[PDB]
>>> print(open('start18.txt').read())   # compact mmCIF, C-alpha atoms and all ligand atoms
# COMPACT_ATOMS: atom_id res chain seq x y z
CA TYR A 1 -5.96 22.91 -8.72
CA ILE A 2 -8.58 20.15 -8.63
CA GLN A 3 -8.07 17.27 -6.16
CA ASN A 4 -8.53 13.53 -6.58
CA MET A 5 -10.50 12.18 -3.61
CA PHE A 6 -8.18 9.23 -3.07
CA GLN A 7 -5.15 11.49 -2.73
CA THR A 8 -6.60 13.64 0.07
CA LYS A 9 -5.17 13.16 3.56
CA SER A 10 -8.59 13.12 5.21
CA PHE A 11 -9.77 10.30 2.90
CA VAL A 12 -6.65 8.20 3.34
CA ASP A 13 -6.76 8.66 7.15
CA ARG A 14 -10.32 7.31 7.41
CA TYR A 15 -9.69 4.50 4.93
CA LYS A 16 -8.46 2.18 7.70
CA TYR A 17 -12.12 2.06 8.85
CA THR A 18 -13.38 1.45 5.31
CA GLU A 19 -10.84 -1.37 4.93
CA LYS A 20 -12.93 -3.28 7.49
CA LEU A 21 -15.48 -3.48 4.59
CA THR A 22 -13.14 -4.21 1.66
CA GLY A 23 -11.06 -6.47 3.89
CA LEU A 24 -14.04 -8.82 4.18
CA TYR A 25 -12.98 -10.16 0.79
CA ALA A 26 -9.18 -9.99 0.81
CA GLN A 27 -8.83 -13.58 2.01
CA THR A 28 -11.56 -14.59 -0.44
CA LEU A 29 -9.75 -13.05 -3.39
CA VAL A 30 -6.34 -14.47 -2.50
CA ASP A 31 -7.73 -17.93 -1.89
CA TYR A 32 -9.95 -18.02 -5.00
CA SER A 33 -7.02 -16.86 -7.19
CA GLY A 34 -5.14 -20.11 -6.47
CA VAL A 35 -1.90 -18.18 -5.89
CA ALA A 36 -1.14 -20.30 -2.78
CA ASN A 37 -1.04 -23.58 -4.73
CA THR A 38 -0.29 -22.66 -8.34
CA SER A 39 2.18 -24.29 -10.72
CA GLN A 40 3.47 -20.86 -11.78
CA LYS A 41 6.90 -20.21 -10.25
CA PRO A 42 8.43 -17.85 -9.31
CA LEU A 43 5.49 -15.59 -8.46
CA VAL A 44 5.51 -12.03 -9.79
CA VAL A 45 2.50 -10.27 -8.29
CA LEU A 46 0.82 -6.88 -8.67
CA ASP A 47 -1.65 -5.67 -6.01
CA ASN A 48 -3.23 -3.11 -8.37
CA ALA A 49 -5.12 -0.24 -6.66
CA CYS A 50 -3.76 -1.70 -3.43
CA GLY A 51 -5.14 0.98 -1.10
CA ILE A 52 -3.55 0.54 2.33
CA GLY A 53 -2.51 -3.02 1.43
CA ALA A 54 -5.41 -5.39 2.15
CA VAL A 55 -4.50 -8.00 -0.46
CA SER A 56 -0.73 -7.61 -0.01
CA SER A 57 -1.13 -8.21 3.72
CA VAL A 58 -3.12 -11.41 3.14
CA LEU A 59 -0.57 -12.60 0.56
CA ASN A 60 2.28 -12.16 3.01
CA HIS A 61 0.39 -14.20 5.62
CA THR A 62 -0.91 -16.88 3.29
CA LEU A 63 2.04 -17.78 1.00
CA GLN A 64 4.74 -20.41 1.80
CA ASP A 65 8.11 -18.99 2.98
CA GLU A 66 9.71 -20.83 0.05
CA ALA A 67 7.44 -18.97 -2.40
CA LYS A 68 8.24 -15.60 -0.80
CA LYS A 69 11.98 -16.31 -1.15
CA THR A 70 11.71 -16.02 -4.94
CA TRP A 71 8.65 -13.80 -5.52
CA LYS A 72 8.39 -10.11 -6.19
CA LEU A 73 5.35 -8.20 -4.94
CA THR A 74 4.50 -4.76 -6.27
CA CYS A 75 1.92 -2.80 -4.27
CA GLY A 76 0.58 -0.28 -6.81
CA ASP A 77 -1.80 2.64 -6.40
CA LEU A 78 -2.48 6.04 -7.91
CA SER A 79 -2.49 7.70 -4.47
CA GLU A 80 0.78 8.78 -2.86
CA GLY A 81 -1.02 8.95 0.52
CA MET A 82 -2.29 5.37 0.16
CA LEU A 83 1.24 4.13 -0.65
CA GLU A 84 2.77 6.01 2.30
CA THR A 85 0.39 4.13 4.59
CA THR A 86 1.08 0.84 2.78
CA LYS A 87 4.84 1.45 3.17
CA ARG A 88 4.45 1.62 6.95
CA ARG A 89 2.39 -1.59 6.92
CA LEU A 90 4.99 -3.33 4.71
CA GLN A 91 7.64 -2.49 7.31
CA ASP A 92 5.47 -3.26 10.36
CA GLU A 93 4.24 -6.66 9.12
CA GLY A 94 7.65 -7.59 7.68
CA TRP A 95 6.59 -8.25 4.08
CA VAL A 96 9.36 -9.87 2.06
CA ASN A 97 10.53 -8.87 -1.42
CA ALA A 98 7.77 -6.23 -1.60
CA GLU A 99 7.80 -2.66 -2.93
CA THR A 100 5.31 0.18 -3.22
CA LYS A 101 4.98 1.96 -6.52
CA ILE A 102 2.78 4.61 -8.09
CA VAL A 103 0.80 2.77 -10.75
CA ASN A 104 -2.06 4.32 -12.69
CA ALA A 105 -4.34 1.39 -13.54
CA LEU A 106 -5.31 3.06 -16.82
CA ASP A 107 -1.68 3.54 -17.88
CA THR A 108 0.55 1.40 -15.71
CA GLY A 109 3.93 1.90 -17.34
CA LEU A 110 4.63 -1.71 -16.44
CA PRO A 111 6.15 -4.24 -18.87
CA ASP A 112 4.23 -6.51 -21.26
CA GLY A 113 3.78 -10.07 -19.98
CA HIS A 114 5.49 -9.49 -16.65
CA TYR A 115 3.15 -10.71 -13.89
CA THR A 116 1.95 -14.20 -12.90
CA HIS A 117 -0.87 -12.61 -10.85
CA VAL A 118 -2.67 -9.28 -10.93
CA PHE A 119 -5.09 -8.56 -8.07
CA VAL A 120 -7.64 -5.76 -8.31
CA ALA A 121 -9.54 -5.63 -5.02
CA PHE A 122 -12.38 -3.11 -5.34
CA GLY A 123 -10.61 -1.03 -7.97
CA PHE A 124 -12.69 -1.38 -11.12
CA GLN A 125 -15.75 0.54 -9.80
CA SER A 126 -13.47 3.37 -8.65
CA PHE A 127 -11.45 3.88 -11.87
CA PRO A 128 -12.55 6.52 -14.39
CA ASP A 129 -12.72 3.75 -17.01
CA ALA A 130 -12.75 0.15 -15.86
CA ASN A 131 -12.42 -1.40 -19.27
CA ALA A 132 -9.20 0.60 -20.00
CA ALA A 133 -7.80 -0.73 -16.72
CA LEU A 134 -8.86 -4.27 -17.64
CA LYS A 135 -6.99 -4.01 -20.95
CA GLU A 136 -3.86 -2.97 -19.01
CA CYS A 137 -4.29 -6.02 -16.74
CA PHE A 138 -4.42 -8.30 -19.78
CA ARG A 139 -1.33 -6.63 -21.33
CA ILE A 140 0.86 -6.89 -18.22
CA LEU A 141 0.06 -10.52 -17.41
CA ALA A 142 2.45 -13.22 -18.52
CA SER A 143 1.25 -16.21 -20.47
CA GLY A 144 -0.62 -18.39 -17.96
CA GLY A 145 -1.13 -15.36 -15.70
CA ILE A 146 -4.20 -14.93 -13.50
CA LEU A 147 -6.35 -11.83 -13.04
CA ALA A 148 -8.27 -11.87 -9.76
CA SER A 149 -10.75 -9.08 -8.99
CA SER A 150 -13.40 -8.23 -6.45
CA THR A 151 -16.24 -5.82 -7.22
CA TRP A 152 -19.43 -4.95 -5.41
CA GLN A 153 -22.85 -6.31 -6.26
CA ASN A 154 -24.86 -5.26 -3.18
CA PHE A 155 -24.31 -3.88 0.29
CA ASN A 156 -26.30 -2.37 3.16
CA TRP A 157 -24.09 0.48 4.21
CA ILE A 158 -25.30 3.00 1.63
CA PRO A 159 -28.93 2.19 2.63
CA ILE A 160 -28.04 2.77 6.30
CA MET A 161 -26.56 6.18 5.39
CA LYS A 162 -29.70 6.94 3.36
CA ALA A 163 -31.90 6.13 6.37
CA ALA A 164 -29.86 8.54 8.50
CA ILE A 165 -30.08 11.29 5.86
CA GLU A 166 -33.86 10.72 5.73
CA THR A 167 -34.07 11.91 9.37
CA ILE A 168 -33.12 15.45 8.25
CA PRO A 169 -35.99 17.82 7.38
CA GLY A 170 -36.21 18.62 3.64
CA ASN A 171 -36.58 15.27 1.89
CA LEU A 172 -32.90 15.28 0.97
CA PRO A 173 -31.72 12.97 -1.84
CA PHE A 174 -29.13 10.21 -1.45
CA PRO A 175 -28.05 7.44 -3.81
CA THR A 176 -29.42 3.94 -3.78
CA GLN A 177 -26.78 1.23 -3.37
CA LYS A 178 -26.94 0.54 -7.13
CA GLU A 179 -26.54 4.23 -8.04
CA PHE A 180 -23.54 4.45 -5.73
CA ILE A 181 -21.95 1.23 -6.97
CA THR A 182 -22.28 2.33 -10.64
CA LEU A 183 -21.27 6.01 -10.20
CA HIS A 184 -18.17 5.47 -12.38
CA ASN A 185 -18.62 2.15 -14.17
CA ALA A 186 -21.70 0.04 -14.72
CA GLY A 187 -21.58 -3.68 -15.40
CA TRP A 188 -19.08 -4.69 -12.71
CA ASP A 189 -21.99 -5.49 -10.40
CA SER A 190 -23.24 -8.12 -12.92
CA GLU A 191 -21.80 -11.62 -13.31
CA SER A 192 -22.78 -11.90 -16.98
CA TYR A 193 -21.29 -8.52 -17.85
CA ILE A 194 -17.97 -9.39 -16.23
CA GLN A 195 -17.80 -12.85 -17.86
CA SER A 196 -18.42 -11.29 -21.27
CA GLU A 197 -15.94 -8.44 -20.81
CA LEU A 198 -13.04 -10.64 -19.77
CA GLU A 199 -13.76 -13.17 -22.52
CA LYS A 200 -13.92 -10.41 -25.17
CA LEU A 201 -10.35 -9.37 -24.29
CA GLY A 202 -9.04 -12.91 -24.55
CA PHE A 203 -9.12 -14.12 -20.95
CA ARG A 204 -9.97 -17.81 -20.65
CA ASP A 205 -11.40 -20.07 -17.95
CA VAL A 206 -13.32 -17.09 -16.58
CA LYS A 207 -15.15 -17.63 -13.28
CA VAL A 208 -17.33 -15.04 -11.51
CA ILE A 209 -18.62 -16.08 -8.10
CA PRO A 210 -20.97 -14.01 -5.91
CA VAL A 211 -19.89 -14.25 -2.26
CA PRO A 212 -22.07 -13.05 0.63
CA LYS A 213 -20.48 -11.73 3.82
CA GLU A 214 -21.89 -10.47 7.06
CA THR A 215 -20.10 -8.95 9.97
CA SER A 216 -20.54 -6.07 12.35
CA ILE A 217 -18.56 -3.03 13.39
CA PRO A 218 -18.86 -0.58 16.30
CA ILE A 219 -21.01 2.50 15.64
CA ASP A 220 -18.00 4.82 16.11
CA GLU A 221 -16.02 3.03 13.39
CA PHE A 222 -19.04 3.01 11.11
CA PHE A 223 -19.40 6.78 11.65
CA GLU A 224 -15.92 7.23 10.19
CA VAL A 225 -16.83 5.19 7.10
CA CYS A 226 -19.85 7.45 6.59
CA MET A 227 -17.79 10.61 7.10
CA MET A 228 -15.31 9.41 4.47
CA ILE A 229 -18.03 8.86 1.82
CA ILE A 230 -20.83 11.34 2.38
CA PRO A 231 -18.92 14.63 1.82
CA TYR A 232 -17.99 13.58 -1.73
CA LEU A 233 -21.61 12.69 -2.53
CA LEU A 234 -23.28 15.89 -1.40
CA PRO A 235 -22.03 18.16 -4.22
CA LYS A 236 -23.56 15.64 -6.70
CA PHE A 237 -26.83 14.79 -4.93
CA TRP A 238 -27.84 17.97 -3.06
CA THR A 239 -28.39 21.54 -4.20
CA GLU A 240 -26.14 24.35 -3.02
CA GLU A 241 -28.98 25.63 -0.78
CA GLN A 242 -29.51 22.14 0.72
CA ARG A 243 -25.78 21.92 1.53
CA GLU A 244 -25.81 25.41 3.11
CA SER A 245 -28.83 24.43 5.22
CA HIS A 246 -27.93 20.89 6.23
CA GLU A 247 -24.35 19.76 5.46
CA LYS A 248 -23.03 20.97 8.84
CA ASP A 249 -25.70 18.85 10.58
CA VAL A 250 -24.78 15.56 8.90
CA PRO A 251 -22.30 14.44 11.60
CA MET A 252 -24.89 14.91 14.38
CA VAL A 253 -27.64 13.25 12.34
CA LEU A 254 -25.36 10.27 11.72
CA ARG A 255 -24.41 9.91 15.40
CA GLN A 256 -28.05 10.16 16.47
CA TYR A 257 -29.30 7.69 13.86
CA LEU A 258 -26.65 5.09 14.69
CA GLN A 259 -27.15 5.39 18.47
CA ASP A 260 -30.96 5.30 18.16
CA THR A 261 -30.95 2.33 15.80
CA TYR A 262 -28.12 0.10 17.05
CA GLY A 263 -27.67 1.31 20.63
CA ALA A 264 -25.20 3.68 22.29
CA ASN A 265 -22.65 0.83 22.62
CA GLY A 266 -23.96 -0.94 19.55
CA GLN A 267 -22.67 -2.67 16.47
CA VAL A 268 -23.77 -2.00 12.90
CA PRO A 269 -24.52 -5.18 10.97
CA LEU A 270 -22.66 -5.08 7.63
CA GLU A 271 -24.03 -7.23 4.80
CA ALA A 272 -22.60 -7.48 1.28
CA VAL A 273 -22.24 -9.48 -1.88
CA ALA A 274 -19.08 -9.12 -3.91
CA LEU A 275 -18.29 -10.70 -7.25
CA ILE A 276 -15.03 -12.62 -7.12
CA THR A 277 -13.67 -12.91 -10.64
CA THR A 278 -10.73 -14.94 -11.95
CA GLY A 279 -9.46 -15.31 -15.51
CA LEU A 280 -6.45 -16.85 -17.26
CA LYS A 281 -4.33 -15.10 -19.90
CA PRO A 282 -3.36 -17.69 -22.52
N1 LIG B 301 -6.50 5.23 -11.74
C1 LIG B 301 -6.15 4.53 -10.63
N2 LIG B 301 -5.07 3.73 -10.67
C2 LIG B 301 -4.69 3.00 -9.55
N3 LIG B 301 -5.43 3.10 -8.40
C3 LIG B 301 -6.52 3.89 -8.41
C4 LIG B 301 -6.90 4.61 -9.49
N4 LIG B 301 -8.02 5.27 -9.14
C5 LIG B 301 -8.29 4.97 -7.88
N5 LIG B 301 -7.37 4.11 -7.42
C6 LIG B 301 -7.26 3.47 -6.09
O1 LIG B 301 -8.31 2.47 -6.00
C7 LIG B 301 -8.42 2.12 -4.60
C8 LIG B 301 -9.92 1.83 -4.38
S1 LIG B 301 -10.22 1.29 -2.68
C9 LIG B 301 -9.62 -0.46 -2.67
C10 LIG B 301 -8.28 -0.50 -1.98
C11 LIG B 301 -7.81 -1.93 -1.66
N6 LIG B 301 -7.48 -2.75 -2.84
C12 LIG B 301 -8.74 -2.69 -0.70
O2 LIG B 301 -9.24 -3.79 -1.07
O3 LIG B 301 -8.96 -2.17 0.42
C13 LIG B 301 -7.85 3.33 -3.81
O4 LIG B 301 -6.67 2.94 -3.09
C14 LIG B 301 -7.58 4.36 -4.94
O5 LIG B 301 -6.50 5.25 -4.66
>>> encode(input="start18.txt", output="structure tokens", more="lines below")
Ligand SMILES: Nc1ncnc2c1ncn2[C@@H]1O[C@H](CSCC[C@H](N)C(=O)O)[C@@H](O)[C@H]1O
Amino acid sequence: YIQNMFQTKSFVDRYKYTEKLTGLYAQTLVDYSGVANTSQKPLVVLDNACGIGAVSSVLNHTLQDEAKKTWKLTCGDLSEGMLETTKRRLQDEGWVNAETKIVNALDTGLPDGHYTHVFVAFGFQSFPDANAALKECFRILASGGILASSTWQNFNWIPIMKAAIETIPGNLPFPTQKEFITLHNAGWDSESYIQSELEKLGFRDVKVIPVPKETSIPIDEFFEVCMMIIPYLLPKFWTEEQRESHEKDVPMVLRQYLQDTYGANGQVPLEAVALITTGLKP
């Protein structure tokens, strides 16, 4: 009877606000992958852990019409709710030769040596076991295929949430950005770790590039990002008594902190570094 966070309607519904954060790097990942000017043809592409379609959307806006005539795009995710949203986007944006499909990154069910490109945009730090997913990526890539991934190194949004939580009486705990980033898998916030892991599996020409981004978003949108994340952290970081005393106050505390800090009509400055990784399957 246990739920997976990513399958819950409330999570999926707020994810459009969170995609303003992951989406900072969708163009980066597509462009760094070389998919727009590769020799590989036709293209056979997997957007693995596609979410609500950030990478797929960029692909459909970036690739030549001629390339889309012959490609096949598979938008894969474990979450039925994520794919339902992606399906609507696929229709609304008019993606060509694209399909949604349930794909478990740890056990894809997809054929050996099938894809010219596998994209994993902010998936590896969310999977139960990143390295098992990475092995699947290697398996399903064709000879000459490219893996392109984005993972987080640093960001300011967890620290902003922490600062808000620190305005509640009781000295309540909250993760550091590093603790949050490595909740499921360590290493994917380190260039050297990633380089070594891909090379150990047999990927070649491995490149891992840290890319800084800064933008801003309205306080009301940022509130939704916080409300998506914080409820899943509290059972891990707070006691039962702390939750009984303070969990119901978190939304008010967040509103007050954001208004007080950034202004009632203000914008929250988002700052991140993601690791953009590419590797070739020989
Ligand atoms: N085992 C698994 N297999 C495939 N997807 C998984 C998964 N575990 C989690 N996910 C998916 O990983 C995604 C992480 S959020 C990143 C979504 C998207 N690529 C973007 O850049 O916005 C979610 O859509 C979640 O449902």
>>> residues_around(input="start18.txt", residues="residue 229 of chain A", least_positions_apart="2", cutoff="10 Å", atoms="only C-alpha atoms", output="number ranges by chain")
A: 5, 11, 14-15, 18, 158, 161, 224-227, 231-234
>>> axis_aligned_box(input="start18.txt", around="segment 225-232 of chain A", padding_each_side="4 Å", output="JSON")
{"center_x": -18.1, "center_y": 9.9, "center_z": 2.7, "size_x": 13.5, "size_y": 17.4, "size_z": 16.8}
>>> residues_around(input="start18.txt", residues="residue 44 of chain A", least_positions_apart="4", cutoff="7 Å", atoms="all atoms listed in the file", output="compact mmCIF listing (two decimals) with C-alpha atoms, keeping the file's coordinate frame")
# COMPACT_ATOMS: atom_id res chain seq x y z
CA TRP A 71 8.65 -13.80 -5.52
CA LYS A 72 8.39 -10.11 -6.19
CA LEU A 73 5.35 -8.20 -4.94
CA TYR A 115 3.15 -10.71 -13.89
CA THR A 116 1.95 -14.20 -12.90
CA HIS A 117 -0.87 -12.61 -10.85
>>> closest_residue(input="start18.txt", among="A:47, A:166, A:93, A:65", to="residue 122 of chain A", atoms="all atoms listed in the file")
A:47
>>> closest_residue(input="start18.txt", among="A:194, A:103, A:96, A:90", to="ligand LIG 301 (chain B)", atoms="only C-alpha atoms and all ligand atoms")
A:103
>>> decode(input="start18.txt", residues="segment 176-193 of chain A", atoms="N, CA, C and O atoms", output="PDB file, in the first residue's frame")
ATOM      1  N   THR A 176      21.222  19.982   4.453  1.00  0.00           N
ATOM      2  CA  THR A 176      22.071  20.845   3.650  1.00  0.00           C
ATOM      3  C   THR A 176      21.841  20.492   2.178  1.00  0.00           C
ATOM      4  O   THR A 176      21.283  19.450   1.858  1.00  0.00           O
ATOM      5  N   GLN A 177      22.284  21.351   1.270  1.00  0.00           N
ATOM      6  CA  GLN A 177      22.131  21.034  -0.152  1.00  0.00           C
ATOM      7  C   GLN A 177      22.830  19.712  -0.493  1.00  0.00           C
ATOM      8  O   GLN A 177      22.272  18.913  -1.221  1.00  0.00           O
ATOM      9  N   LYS A 178      24.022  19.461   0.055  1.00  0.00           N
ATOM     10  CA  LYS A 178      24.724  18.224  -0.231  1.00  0.00           C
ATOM     11  C   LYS A 178      23.976  17.007   0.293  1.00  0.00           C
ATOM     12  O   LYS A 178      23.878  15.998  -0.408  1.00  0.00           O
ATOM     13  N   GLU A 179      23.437  17.099   1.508  1.00  0.00           N
ATOM     14  CA  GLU A 179      22.668  15.976   2.070  1.00  0.00           C
ATOM     15  C   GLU A 179      21.447  15.671   1.203  1.00  0.00           C
ATOM     16  O   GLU A 179      21.117  14.507   0.954  1.00  0.00           O
ATOM     17  N   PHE A 180      20.791  16.718   0.724  1.00  0.00           N
ATOM     18  CA  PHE A 180      19.633  16.547  -0.121  1.00  0.00           C
ATOM     19  C   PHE A 180      20.015  15.907  -1.449  1.00  0.00           C
ATOM     20  O   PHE A 180      19.389  14.927  -1.880  1.00  0.00           O
ATOM     21  N   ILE A 181      21.037  16.471  -2.088  1.00  0.00           N
ATOM     22  CA  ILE A 181      21.490  15.993  -3.388  1.00  0.00           C
ATOM     23  C   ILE A 181      21.897  14.513  -3.348  1.00  0.00           C
ATOM     24  O   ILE A 181      21.706  13.803  -4.338  1.00  0.00           O
ATOM     25  N   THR A 182      22.493  14.064  -2.240  1.00  0.00           N
ATOM     26  CA  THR A 182      22.987  12.688  -2.127  1.00  0.00           C
ATOM     27  C   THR A 182      22.064  11.750  -1.336  1.00  0.00           C
ATOM     28  O   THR A 182      22.485  10.674  -0.917  1.00  0.00           O
ATOM     29  N   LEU A 183      20.805  12.138  -1.143  1.00  0.00           N
ATOM     30  CA  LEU A 183      19.863  11.303  -0.373  1.00  0.00           C
ATOM     31  C   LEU A 183      19.780   9.875  -0.883  1.00  0.00           C
ATOM     32  O   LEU A 183      19.709   8.941  -0.079  1.00  0.00           O
ATOM     33  N   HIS A 184      19.809   9.706  -2.198  1.00  0.00           N
ATOM     34  CA  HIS A 184      19.708   8.374  -2.823  1.00  0.00           C
ATOM     35  C   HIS A 184      21.026   7.837  -3.361  1.00  0.00           C
ATOM     36  O   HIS A 184      21.337   6.668  -3.172  1.00  0.00           O
ATOM     37  N   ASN A 185      21.801   8.685  -4.033  1.00  0.00           N
ATOM     38  CA  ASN A 185      23.056   8.264  -4.638  1.00  0.00           C
ATOM     39  C   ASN A 185      24.097   9.347  -4.448  1.00  0.00           C
ATOM     40  O   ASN A 185      23.871  10.512  -4.815  1.00  0.00           O
ATOM     41  N   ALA A 186      25.235   8.971  -3.888  1.00  0.00           N
ATOM     42  CA  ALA A 186      26.369   9.871  -3.809  1.00  0.00           C
ATOM     43  C   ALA A 186      27.134   9.772  -5.116  1.00  0.00           C
ATOM     44  O   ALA A 186      26.780   8.980  -6.000  1.00  0.00           O
ATOM     45  N   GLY A 187      28.122  10.643  -5.273  1.00  0.00           N
ATOM     46  CA  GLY A 187      29.035  10.581  -6.398  1.00  0.00           C
ATOM     47  C   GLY A 187      28.621  11.408  -7.598  1.00  0.00           C
ATOM     48  O   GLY A 187      29.467  11.999  -8.273  1.00  0.00           O
ATOM     49  N   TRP A 188      27.322  11.452  -7.886  1.00  0.00           N
ATOM     50  CA  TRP A 188      26.839  12.125  -9.096  1.00  0.00           C
ATOM     51  C   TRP A 188      26.874  13.657  -9.016  1.00  0.00           C
ATOM     52  O   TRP A 188      26.515  14.356  -9.969  1.00  0.00           O
ATOM     53  N   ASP A 189      27.317  14.172  -7.872  1.00  0.00           N
ATOM     54  CA  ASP A 189      27.659  15.562  -7.713  1.00  0.00           C
ATOM     55  C   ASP A 189      29.171  15.837  -7.824  1.00  0.00           C
ATOM     56  O   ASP A 189      29.621  16.946  -7.494  1.00  0.00           O
ATOM     57  N   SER A 190      29.940  14.845  -8.287  1.00  0.00           N
ATOM     58  CA  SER A 190      31.396  14.940  -8.414  1.00  0.00           C
ATOM     59  C   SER A 190      31.819  14.601  -9.838  1.00  0.00           C
ATOM     60  O   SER A 190      31.532  13.518 -10.344  1.00  0.00           O
ATOM     61  N   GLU A 191      32.556  15.504 -10.471  1.00  0.00           N
ATOM     62  CA  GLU A 191      33.046  15.254 -11.833  1.00  0.00           C
ATOM     63  C   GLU A 191      33.918  14.011 -11.930  1.00  0.00           C
ATOM     64  O   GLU A 191      33.780  13.216 -12.865  1.00  0.00           O
ATOM     65  N   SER A 192      34.845  13.853 -10.989  1.00  0.00           N
ATOM     66  CA  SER A 192      35.765  12.716 -11.036  1.00  0.00           C
ATOM     67  C   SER A 192      35.044  11.393 -10.833  1.00  0.00           C
ATOM     68  O   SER A 192      35.378  10.389 -11.470  1.00  0.00           O
ATOM     69  N   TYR A 193      34.028  11.387  -9.976  1.00  0.00           N
ATOM     70  CA  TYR A 193      33.296  10.154  -9.737  1.00  0.00           C
ATOM     71  C   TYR A 193      32.589   9.743 -11.028  1.00  0.00           C
ATOM     72  O   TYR A 193      32.648   8.592 -11.465  1.00  0.00           O
TER      73      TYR A 193
END
